[PDB]
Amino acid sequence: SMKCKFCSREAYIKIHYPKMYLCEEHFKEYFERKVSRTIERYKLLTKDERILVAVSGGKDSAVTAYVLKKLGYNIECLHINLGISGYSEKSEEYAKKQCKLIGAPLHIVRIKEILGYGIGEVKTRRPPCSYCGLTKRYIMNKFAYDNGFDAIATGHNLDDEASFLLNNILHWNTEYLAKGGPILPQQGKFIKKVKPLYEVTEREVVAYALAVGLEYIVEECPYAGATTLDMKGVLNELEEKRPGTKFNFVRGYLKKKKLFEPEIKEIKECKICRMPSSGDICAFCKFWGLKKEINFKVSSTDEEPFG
């Protein structure tokens, strides 16, 4: 109970699969090997690829960027500052401190600077979270496309997958349920999106961040009581009662995911930015009322202006 399975050092955490108590260093190894297997299993990345990590200042993206760097991947990071007064400044400061420790270049996009408004400052009854998700997802893909990155890696973990799944099944969001899993392959101007933490729990992510010295922000905004926090608690209660519930729900989902494909509405190029649009002008451009394209091509980072 008190000691590590592979050494005489004090146990740091208890790992359920396989059953084992691991010290700080054997946990780090376990974790990294788990991420490494997820990459190979779903053929997520190759070491020749230039990977962009979307870093929010939260633990999930911090850990994603940290483990990919440790594994030997070619990674660069992107932080999207949402311009939320009293939130966005510390979020950026957190993301900078993380990328300095990781030793990865950090690119910053300030929404307030390019668009004029922060998330929650736009005159709309539309909840800040919906248009924020739209904004982040667009900036991530366009920054990556504009700078010739081959793949985007996000920090979503098993708990995020299972919670997103439960919410969407409860609202029967079958379109969202067709576009799921650890990899959204590269299609047109959509850059390949990957989730290397897909098979690791939020608990394991928290323990990794603390053991390697990563400091992160819990809340990215003051606009997040949403369903996901309720779903995670639900799934945790079901997981402590029936161990293997979360894994099975996601494993089962990946096998049946096919059934939701006919629900997909059959994707042209935007007339403003030339990015994937369902209509004449894409949702991002239509929302922000843009008549001009945003060029995310960078010659260098702010912390390394001469490289």
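Just count from 1 along the sequence shown to find any residue number.
A.B. asks: Counting only other entries where the flanking residues are modelled, do a third or more lack residue 225?
C.D. replies: It is, since residue 225 is left out of at least a third of the other entries that model both flanking stretches.
A.B. asks: When the other entries of this protein are compared, is residue 267 unmodelled in at least a third of them?
C.D. replies: Affirmative; at least a third of those entries omit residue 267.
A.B. asks: From residue 48 on to residue 49, does the model leave out none, 1 to 3, 4 to 9, or 10 or more residues of the deposited sequence?
C.D. replies: The entry has no gap there; residue 48 and residue 49 are joined directly.
A.B. asks: Which fits the stretch between residue 224 and residue 225: none, 1 to 3, 4 to 9, or 10 or more deposited residues lacking coordinates?
C.D. replies: Per the record, 1 to 3 deposited residues are absent between residue 224 and residue 225.
A.B. asks: Please compare 225-233 with 85-93 and name the stretch with the higher mean C-alpha B-factor in the deposited structure.
C.D. replies: Between 85-93 and 225-233, it is 225-233 that shows the higher mean C-alpha B-factor.
A.B. asks: Select between 234-242 and 57-65 the stretch whose C-alpha atoms have the higher average B-factor in the entry.
C.D. replies: Comparing averages over the C-alpha atoms only gives 234-242.
A.B. asks: Among 126, 79, 193, 142, which carries the highest Cα B-factor?
C.D. replies: That would be 126, according to the entry.
A.B. asks: Going by the entry, which third of its chain does the Cα temperature factor of residue 188 land in?
C.D. replies: According to the entry, residue 188 has a C-alpha B-factor in the chain's highest third.
A.B. asks: Against its chain's modelled residues, does residue 70's Cα B factor rank lowest, middle or highest third?
C.D. replies: Its C-alpha B-factor, which the entry lists for residue 70, ranks in the lowest third among residues of this chain.
A.B. asks: How does the C-alpha B factor of residue 265 compare with the rest of the chain: lowest, middle or highest third?
C.D. replies: As the PDB entry reports it, the C-alpha B-factor of residue 265 lands in the highest third of its chain.
A.B. asks: Comparing against every modelled residue in the chain, figure out the third that the C-alpha B-factor of residue 208 lands in (lowest, middle or highest).
C.D. replies: Lowest third of the chain for residue 208's C-alpha B-factor.
A.B. asks: Taking the values exactly as deposited, rank residue 271 by C-alpha B-factor within its chain and report the matching third: lowest, middle or highest.
C.D. replies: Its C-alpha B-factor belongs to the highest third of this chain's values.
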